[PDB]
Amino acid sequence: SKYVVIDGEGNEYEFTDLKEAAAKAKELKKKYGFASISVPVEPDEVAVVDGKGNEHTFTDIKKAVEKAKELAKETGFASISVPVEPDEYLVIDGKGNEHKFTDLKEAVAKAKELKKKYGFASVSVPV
């Protein structure tokens, strides 16, 4: 598999191991303010990755968002991953709304604004 961490500069870090990826994301967030992690998700699923590097899969985005809030507090980190098409980037905010981009730095900039507004936002990238 391939797991991708995105930081606040729009840099992409690739990993073969989820626990190492989730640990990098948690560190970039604590040290530099922002990080998302994208993981392979089955079609019609959504996945939340927590601060322990564990996945939580869902078919209902509203339930995923609810869980992502429990996990960010309990484990120190949470990121929602959704399937994206090549050359697209999707931002999911803390209320479950999806915003589509074709420029990663644009997607990151929006995610930062939505994190301020709603408390939480993730950026999903193609795997």
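For every residue, the number given is its place in the sequence shown, counted from 1.
Colleague: What stretch has the higher average Cα B-factor here, 51-59 or 79-87?
Modeller: Comparing averages over the C-alpha atoms only gives 79-87.
Colleague: Relative to the other modelled residues of the same chain, rank the CA B-factor of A68 and answer lowest, middle or highest third.
Modeller: Middle third.
Colleague: Hey, what third does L28 fall into on Cα B-factor, ranked over its chain?
Modeller: It belongs to the highest third of the chain when residues are ordered by C-alpha B-factor.
Colleague: Looking at the temperature factor on the CA atom of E113, which third of the chain's modelled residues does it land in?
Modeller: Its C-alpha B-factor, which the entry lists for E113, ranks in the middle third among residues of this chain.
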